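My questions will all concern the structure given below.
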Amino acid sequence: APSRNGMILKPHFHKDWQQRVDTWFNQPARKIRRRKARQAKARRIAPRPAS
Amino acid sequence: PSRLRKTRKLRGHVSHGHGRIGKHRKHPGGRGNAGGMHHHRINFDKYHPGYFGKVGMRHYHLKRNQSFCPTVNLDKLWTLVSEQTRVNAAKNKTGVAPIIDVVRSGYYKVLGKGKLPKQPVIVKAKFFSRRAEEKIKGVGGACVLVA
Amino acid sequence: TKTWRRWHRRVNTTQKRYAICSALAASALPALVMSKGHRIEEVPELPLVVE
Amino acid sequence: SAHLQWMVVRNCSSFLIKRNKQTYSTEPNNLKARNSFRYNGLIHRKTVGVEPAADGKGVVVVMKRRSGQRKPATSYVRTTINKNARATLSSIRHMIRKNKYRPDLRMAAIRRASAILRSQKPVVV
Amino acid sequence: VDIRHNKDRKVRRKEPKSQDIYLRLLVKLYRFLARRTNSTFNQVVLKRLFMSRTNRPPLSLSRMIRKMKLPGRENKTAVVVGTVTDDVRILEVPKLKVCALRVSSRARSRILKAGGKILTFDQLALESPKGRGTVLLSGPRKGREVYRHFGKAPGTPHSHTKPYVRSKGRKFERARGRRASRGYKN
Amino acid sequence: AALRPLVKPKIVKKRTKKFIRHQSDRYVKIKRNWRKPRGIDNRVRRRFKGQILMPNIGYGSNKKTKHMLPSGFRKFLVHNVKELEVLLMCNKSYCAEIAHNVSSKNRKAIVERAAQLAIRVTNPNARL
RNA sequence: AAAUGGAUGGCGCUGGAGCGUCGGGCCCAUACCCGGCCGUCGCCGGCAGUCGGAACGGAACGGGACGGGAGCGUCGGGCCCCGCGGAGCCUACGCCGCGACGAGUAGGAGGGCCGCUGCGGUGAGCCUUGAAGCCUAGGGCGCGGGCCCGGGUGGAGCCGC
RNA sequence: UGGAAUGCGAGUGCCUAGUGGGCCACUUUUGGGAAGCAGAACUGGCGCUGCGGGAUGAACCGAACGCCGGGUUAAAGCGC
RNA sequence: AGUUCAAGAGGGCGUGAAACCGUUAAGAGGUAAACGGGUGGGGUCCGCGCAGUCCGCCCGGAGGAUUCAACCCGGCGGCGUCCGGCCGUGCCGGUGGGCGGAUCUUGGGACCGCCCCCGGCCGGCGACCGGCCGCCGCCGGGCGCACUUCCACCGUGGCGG
């Protein structure tokens, strides 16, 4: 396995990781949803500082 | 880009660059770092001395936050204040000396690599090195300890 | 084929700003704009500014 | 600058034709229509173009004026020369040589004028 | 007949691997100068324009001041085929005439504030086509991290070369082979 | 009439026959398109006597007559009248071939325009 | 003395087509010499000098005395002329010159205007006056990967950079 | 007086695939009656290599290869 | 026979490859076929094939039409201490009132460094503009009305390619 100089690597891929993979393709969607929640909350408490 | 890779130029060659005699088998050696003491104990000794064995004493529940002590050398001490501060201080005739608060710039300990300009200065830090304190005094400054 | 293929690339902000400056500078040279097939004739000035 | 723009359009242009081992350029003021720094009709401060007249007789000679390099509308002065073949060649020769306006392109302009004048004379089988 | 062919093709750069058109224009300029002039300065500059970035290390402002303060170097132009970086450990900058491909913003400000002049290689050709009155400087070529790992192997007796180590600590390649109490120490 | 080139050199071909793939004669699945035989015991690869010849760079033609037609011209593919005008200043060494996808109406215009530009057409009678 | 019928290779050869020692001729290799063409490698190789004046081996200034002259004291001589004019060039990633060399499994590298499908630009691209696809004793190109055109069939899309 | 001859441009770094079954011959050589047997040394070769000759043949003799025209040879030949 | 543009679209029917087979045409045939290199014979197709070139200058013959050469008017270009506006470094005067600063404060201020603007001085045109004055070129018009200029034909014409 080892070939000349290198690093002794210990990857943690022994545990059926492909069943638990978190992709972030919904990341832009959750930014808009968080943003629209902030804007709706600010209107609902309109005079209050909304922060 | 798959069109810039070796597989494109390996079409038509029966062995895919892996040889006819030895072939490309699943795991001719072990898997991973297998045999580091038995059949790979030349690679491990030649390139990773110290890999096997135990050295030192354990320390349970290590919290790196209390061992936090960033360091700054004397050759970078005057970069923590503006250039105009050093020029005005040097041109001043009296014994007044500017203060560099090293902790304000995110450093706790002052080390003494380098040299200082002949310009007195008051340096505030949590810890000082022996040569750092001697060089600050030799220029005409003072070392002030801050908790 | 797997969904966790790297689809996205991040470019340095300085390089992205560099590319915009180069694109703007080239847009003011009529030879480069005609080399894009943009039919810039009878146009009074290539850096066209209107009110 | 001509050399700076040439390094941009050398292999990337809308006028570039690559086909069966030869290269051509179709910009309107390129004598010989070849992809070359010397003959490119867009990247120089002074270029010469020879085109057939609007009608079927004569040669229109295009010359780039010195000023307004960023003003495409007024960058080109066009002269219609409609006389006999020997006089047409002499006029194009004097415009390029007596003005010292791109003497590098003198023969190329003259050959292109002869091709256009020949193509206008009637074809008899 | 009866010859070897394994060393017939010399491996060297005959052009920059870069597609940067501005570097290609300086290569066009100095290709002409290396040919039509007997100057060996123009030949050396042409070679360094081809060279890769690892072979064109940045030149510190402090080191250029060091090398331009040597006797007889006054009123000469420091030529760097590379980047001139700023050194914050230097507090006084004299007046220098420096030609470089790139100069960092803080280095350029310090050089200009001192009264010096910064030139490009096209202005250097116009001022000194031969390369007269110049000091041809270079950054430290082996002053980068990969060279600490190169050479005689770490597990070999008199070797001081850095191993490839994932993390640094007491538990990472320090016991057997690095210590007489654990096997051996060469 | 028949437009002739500026020069008509004697074209010398080192080989007129096509290099055929090994055993393309024995199988229909093996097309005649050339493949270099990478076989440990292959005798075409080893250059035995009386076998199928392998192409190599020694067969390359003279650079003065490379890509030259028997008429002495070199062919340039053309799709419309405007592309034909690119051969105005190289009409004694280059000829125009109209693409197969050009319609019948457009071929008449290209042939008529090429006739008055002294540009030789390889295929002027197509789709007449 | 060995088993199918068989092997100076065979036929055959005995003033030799046998054995030994020798001569002079002559025949053949991808080897050697000369020449052509392709490529690779090398030459710190040449060309930005496109000029009708232009070019390698020194030029540029001012002081005195001088001789070859045009002049009859001027070294002015980038300005010249009964012609007003003189091919091509240099996609510098281009073009040109000279010299040497070229076997290849496993394997490595480079180039590919070799090929397939989709996307961003571009071709004022192609197409029911006929796209793709398929067939072809037709014309050709390229060392090759392959490609272009002619003809037939087909009926709606396709390709170049 | 660059301190023999001859020839040649050298030095150096990183990364690195395949391989890690070999076999044959002159000479030397161990075991074996011996072997187209087993095991060594040196060099060359086959394997990776086609070409002329040995009728045929991995290794012998000659000679190593881009596509061609002329000329000449090697080893070997010139009754058919 | 009819429908359809098309039945070479006829209800597992778009196009319709190969393997395999039938038939027609041509050729061949006792060392299984098939292959490489040379030729030769026959055949299908191809060549606006079947009296063979095409350009420039000059020489003659005869024809036609006139602008040319020069000169005048008008228009447009190209080039260069003459002037003005810019683009600017540096350099001073600030109505500046501006941004920052780990400089001093006696939040507001003062000080410093830059940024822009105003005025004066100061250098250069090329991805930066005008106006005089010349010199040169081109185009349009007039005059120039024929030993000039131009356009076509003929010679089995001469030179170069």
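Here is how names work: the chains are called A, B, and so on, in the same order as the sequence lines, proteins then strands, and each is numbered from 1.
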Against the side chain of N101(F), the closest entry in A131(G), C161(G), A102(I) is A131(G)

Determine whether any donor atom in the side chain of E97(F) lies under 3.5 Å from an acceptor atom in the base of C141(G), or the reverse, and answer yes or no.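 Not at all, since no donor on one side and acceptor on the other fall under 3.5 Å apart.
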
Find the distance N80(F):CG to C126(G):P and express it as a whole number of Å.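 Rounded to the whole Å, the gap is 5 Å.
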
Paired, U43(H) vs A25(H), Watson-Crick or G-U, distances below 3.5 Å: yes

Using a distance-only criterion (donor-acceptor N/O pair, under 3.5 Å, no hydrogens), is the base of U53(I) paired with the side chain of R4(F)? yes

Residue pair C145(I) and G47(I), Watson-Crick or G-U wobble, under 3.5 Å both: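 The answer is no: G47(I) does not partner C145(I).
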
Can a donor-acceptor pair under 3.5 Å be found between the side-chain atoms of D104(D) and the base atoms of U50(G)?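 By the distance-only test, yes, there is a pair.
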
Is the closest basic N to carboxylate O distance between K71(D) and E45(C) below 4.0 Å?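 No, no charged N to carboxylate O under 4.0 Å.
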
If we require both distances under 3.5 Å, is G118(G) with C43(G) a Watson-Crick or G-U wobble pair?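 Given the Watson-Crick and G-U criteria, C43(G) is not paired with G118(G).
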
Tell me if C141(G) and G146(G) are paired here, counting Watson-Crick or G-U wobble when both donor-acceptor distances sit under 3.5 Å.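 Check passed, canonical or wobble pair found.
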
Syn versus anti for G78(G), judged by chi lying within 90° of 0? syn

How would you label the glycosidic angle of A18(I): syn (within 90° of 0) or anti? anti

Report the pucker family of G141(I) (north if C1'-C2'-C3'-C4' is positive, south if negative).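 The sugar ring of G141(I) falls in the north range (positive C1'-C2'-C3'-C4' torsion).
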
Name the closest nucleotide to the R35(F) side chain, picking from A102(I), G146(G), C37(G). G146(G)

For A99(F), which contact category applies under a 4.0 Å heavy-atom criterion: base, sugar-phosphate, or nothing?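 Sugar-phosphate, no base atom in range.
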
Can you tell which of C149(G), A102(I), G142(G) lies closest to the side chain of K18(F)?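 Shortest atom-to-atom distance from the side chain points to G142(G).
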
State whether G12(I) pairs with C91(I), counting either Watson-Crick geometry (purine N1 to pyrimidine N3 plus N6-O4 or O6-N4) or a G-U wobble (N1-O2 and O6-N3), each distance below 3.5 Å.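 Result no; criteria under 3.5 Å not both met.
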
Any donor-acceptor N/O pair under 3.5 Å between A106(G) base and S15(B) side chain: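 Flag unset: no donor-acceptor pair detected.
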
With distance as the sole criterion, do the side chain of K100(D) and the base of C79(I) form a donor-acceptor contact below 3.5 Å? no

Report which part of the nucleic acid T26(D) touches: base, sugar-phosphate, or nothing (heavy-atom distance under 4.0 Å, all strands).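 The residue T26(D) makes no contact with any strand.
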
Tell me what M54(F) touches on the nucleic acid: a base, only sugar-phosphate, or nothing, going by heavy atoms under 4.0 Å. nothing

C13(I) and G90(I) as Watson-Crick or wobble pair, distances under 3.5 Å: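 Between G90(I) and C13(I), no qualifying pair exists.
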
So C125(I) and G137(I), Watson-Crick or G-U wobble pair with both distances under 3.5 Å, or not?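 No.
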
Is the NZ or CZ atom of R15(F) both under 6.0 Å from the centre of the six-membered ring of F19(F) and within 45° of that ring's axis?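 Yes, cation above the ring, under 6.0 Å and within 45°.
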
Between the base of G137(I) and the side chain of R97(D), is there any donor-acceptor pair under 3.5 Å? no

Mind checking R93(D) for me? I need base, sugar-phosphate or nothing, with any heavy atom below 4.0 Å counting as a touch.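 If one applies the 4.0 Å heavy-atom cut-off, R93(D) turns out to touch the sugar-phosphate alone, with no base involved.
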
Which base, if any, makes a Watson-Crick or G-U wobble pair with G43(I), both distances under 3.5 Å? none

Looking at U30(G), does its base get a donor-acceptor pair with the side chain of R47(F) below 3.5 Å? no

RNA chain I nearest-nucleotide lookup for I20(F) and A85(D): closer to the 5′ end is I20(F)

So that I can tick it off, tell me whether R39(C) and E41(C) are bridged by a salt bridge, with the cut-off set at under 4.0 angstrom between side-chain N and carboxylate O.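 Yes, this pair counts.
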
Which nucleotide wins on minimum distance to the side chain of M63(D), given the candidates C138(I), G144(G), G77(I)?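 For the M63(D) side chain, the nearest candidate turns out to be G77(I).
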
If you sort sugars by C1'-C2'-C3'-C4', with positive as north and negative as south, where does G44(H) go? north

Mate of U19(H) across any strand shown (Watson-Crick or G-U wobble, both atom pairs under 3.5 Å) is none

Gap between atoms CD and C1', on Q23(F) and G36(I) respectively (whole Å): 14 Å

Counting only side-chain heavy atoms from C-beta out, which of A127(I), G110(G), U50(G) sits nearest to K9(B)?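 So the nucleotide nearest the side chain must be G110(G).
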
Tell me what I52(F) touches on the nucleic acid: a base, only sugar-phosphate, or nothing, going by heavy atoms under 4.0 Å. sugar-phosphate

Tell me whether the side-chain N or O atoms of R9(E) pair up with the base of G42(G) as donor and acceptor below 3.5 Å, since no angle test is needed here. no

Quick one: which of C93(G), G78(I), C15(H) gets closest to the side chain of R4(A)? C15(H)

Could you check which nucleotide pairs with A100(G) in any of the strands shown, counting Watson-Crick or G-U wobble with both distances under 3.5 Å? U40(G)

Starting from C1' on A103(G), measure out to CG on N6(E) and report it in whole angstrom. 16 Å

With syn defined as a glycosidic angle within 90° of 0 and anti as everything else, classify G57(H).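 This nucleotide is in syn.
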
Under a 90° cut-off about 0 for the syn range, is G52(I) syn or anti? syn

Which of these nucleotides, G150(G), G111(G), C67(H), is closest to any side-chain atom of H100(F)?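 Nearest to the side-chain atoms of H100(F), counting from C-beta on, is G150(G).
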
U50(G) vs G12(G): Watson-Crick/wobble pairing, cut-off under 3.5 Å: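 They are not paired, because the relevant distances do not both stay under 3.5 Å.
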
Tell me whether the side-chain N or O atoms of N99(D) pair up with the base of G77(I) as donor and acceptor below 3.5 Å, since no angle test is needed here. yes

Does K6(B) contact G108(G) through a side-chain donor or acceptor facing the base, at a distance under 3.5 Å?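 Counting by modelled atom types and ignoring angles, no donor-acceptor contact under 3.5 Å is found here.
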
Quick one: does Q51(F) reach the base of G36(I) with a side-chain donor-acceptor pair under 3.5 Å? no

Given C138(I), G36(G), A127(I), which nucleotide is nearest the side-chain atoms of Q69(D)? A127(I)

Proximity to the side chain of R70(D) - top-ranked nucleotide from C14(H), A48(G), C128(I):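 Between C14(H), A48(G), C128(I), the one nearest the side chain of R70(D) would be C128(I).
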
Is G32(H) base-paired to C42(H), counting Watson-Crick or G-U wobble with both distances below 3.5 Å? no

Which nucleotide in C149(G), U122(G), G140(I) has an atom nearest any side-chain atom of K83(D):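 Output: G140(I).
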
Have a look at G11(I) and give me syn or anti from its glycosidic angle (syn if within 90° of zero). syn

OP1 or OP2 of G130(G) versus the side-chain N and O atoms of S104(F): is any pair under 4.0 Å? yes

Has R78(D) got more than 12 heavy atoms of other residues, nucleotides or ligands less than 6.0 Å from its CZ? no

For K63(F), which contact category applies under a 4.0 Å heavy-atom criterion: base, sugar-phosphate, or nothing? sugar-phosphate

Is there a donor on the side chain of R19(D) or the base of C113(G) sitting less than 3.5 Å from an acceptor on the other? no

Does the sign of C1'-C2'-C3'-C4' make the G107(I) sugar north or south? north

Applying a 4.0 Å non-hydrogen cut-off, can you work out what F15(D) is touching in the nucleic acid: base, sugar-phosphate, or nothing?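 It contacts nothing in the nucleic acid.
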
Wobble or Watson-Crick, both distances short of 3.5 angstrom: do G63(I) and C46(I) pair?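 No; nothing between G63(I) and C46(I) satisfies the definition, which requires both distances under 3.5 Å.
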
Considering every strand and a 4.0 Å limit on heavy-atom distances, what is the contact class for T40(E): base, sugar-phosphate, or nothing?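 Nothing, no heavy atom under 4.0 Å.
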
For atom CG of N56(F) and atom P of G144(G), their distance in whole Å: 11 Å

